[PDB]
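These notes concern the structure reproduced below.
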Amino acid sequence: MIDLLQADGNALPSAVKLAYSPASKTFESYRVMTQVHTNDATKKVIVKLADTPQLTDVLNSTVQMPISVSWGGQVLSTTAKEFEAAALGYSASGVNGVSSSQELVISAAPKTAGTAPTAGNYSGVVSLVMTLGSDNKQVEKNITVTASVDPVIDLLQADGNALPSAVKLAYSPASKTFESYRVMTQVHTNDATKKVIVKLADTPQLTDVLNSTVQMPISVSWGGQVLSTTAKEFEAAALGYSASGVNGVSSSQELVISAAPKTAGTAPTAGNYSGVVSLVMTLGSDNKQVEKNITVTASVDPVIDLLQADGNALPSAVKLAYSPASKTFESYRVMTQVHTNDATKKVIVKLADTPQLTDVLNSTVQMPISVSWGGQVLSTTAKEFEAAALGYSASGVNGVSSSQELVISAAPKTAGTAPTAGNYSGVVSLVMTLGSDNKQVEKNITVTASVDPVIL
Ligand SMILES: [Mg+2]
Ligand SMILES: [Mg+2]
Ligand SMILES: [Mg+2]
Ligand SMILES: [Mg+2]
């Protein structure tokens, strides 16, 4: 006889799996120590493959990787090598007819060495043929070789970095728009011929972190198509894989994530917003997806303004007229409006310091100042104005209160006789706060007054 067995004495396996690592994109070689078992230990051993072995994709016959076979430190082919008996080590083994250990090595890699294998399930047969002498006593060991390359698909930035897990959309309070996130992307895949199918897992929404019901719709496009929960197809030809490439890296494709108020012509409400763009990319027939989750956020800063009802700033100089006939000051009166983008919050109004009309050249005799707003008297301790009561809906533009009267009347200190004569000055500090929010408007009004004893 001639036989080829494992060095332990077991029969050669009829099957071999070549483990694939997607990290290195290579197959681990099968190695096994063997011995020739012979009738005749002086005869040469002629070793060949019956056919040139290939791994072939079970699904597609044109995709093939060559198998490489070595035995005894010699690479095998359909051309036979003759092993002289002397360096098979027949006396080393301690068993008659039995060689020393010879390594069998079965490897696979792509025909173009240094490139990555295409996705697929691969099979083929290695047919090891061994003879003696001039002979036709001939052993054939057939070893079914298997390998799997699982479909891989990734979406990367065009510098090869991962897409970010979070994105901020900058808000302009002037144009009342959010600036779109835009990034240049490339598909990386080991199955480049397949169509890429692109969906969102759910309809993305920019949602007020503190109110479920307050939403702005997010728009996502990739490669010049607006995406939805309904899948869109990108043919491999349309994705611009270079003919000179096989890393399966697409042409650069732009991803755009946009948001806008649900209704055109309107301002977003103050607050912090978020939702998740769940991008889903499928290889056509391979049943494999990558999901990319990108958290999208936006901040609409709370804003509060107090203006005259005509939209002018309040004055930074008020003068109160004196009648000596009635011995009393005429009040300053002005219609004002609160302009806000958080028109559910309570508005908190107070005075920052307590105002006086101080005498100009001696800083002693002082005529302190009454301030009223919205039909409510003001102190340095605050009055609460509920949002319903400011009547933001009741009037005209959204987020502008109906007209509230600001009344500033001085009538000095102790009551029911004439004030003392003199020229007077001072400063009203007014403070408005959008409640719970961390937002303050200060408005300083310089008050001046005259009593002159040279008139009636
Ligand atoms: Mg834009
Ligand atoms: Mg390349
Ligand atoms: Mg009056
Ligand atoms: Mg009296």
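Residues in the structure tokens are named by chain (A, B, ... in the order shown) and by number from 1 within that chain; ligands are numbered from 1 in the order shown.
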Counting only C-alpha atoms, what is within 6 Å of segment 317-331 of chain A, bar same-chain residues fewer than 3 positions away, as a ChimeraX atom specification?
/A:408-409,418,445-449
List the neighbours of residue 45 of chain A out to 8 Å using only C-alpha atoms; skip same-chain residues closer than 2 positions along the sequence, and give me the result as an NGL selection string.
:A and (43 or 47 or 82-85 or 130-133)
Hey, could you make a per-residue contact list for chain A against ligand 4 with 9 Å as the cut-off, showing the nearest pair of atoms and its distance in Å to one decimal, counting only C-alpha atoms and all ligand atoms, sorted by chain and number, as JSON lines?
```
{"residue": "A:415", "atom": "CA", "partner": "ligand 4", "partner_atom_place_in_ligand_line": "1 (Mg)", "distance": 8.4}
{"residue": "A:416", "atom": "CA", "partner": "ligand 4", "partner_atom_place_in_ligand_line": "1 (Mg)", "distance": 5.9}
{"residue": "A:417", "atom": "CA", "partner": "ligand 4", "partner_atom_place_in_ligand_line": "1 (Mg)", "distance": 6.3}
```
One decimal, in Å: what's the spacing between atom CA of residue 180 of chain A and atom 1 (Mg, counted along the ligand's line) of ligand 1?
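Here the two named atoms are 4.8 Å from each other.
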Nearest to ligand 1 among A:24, A:223, A:168, A:259, with distances taken over only C-alpha atoms and all ligand atoms: which residue is it?
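Smallest separation from ligand 1 among the options: A:259.
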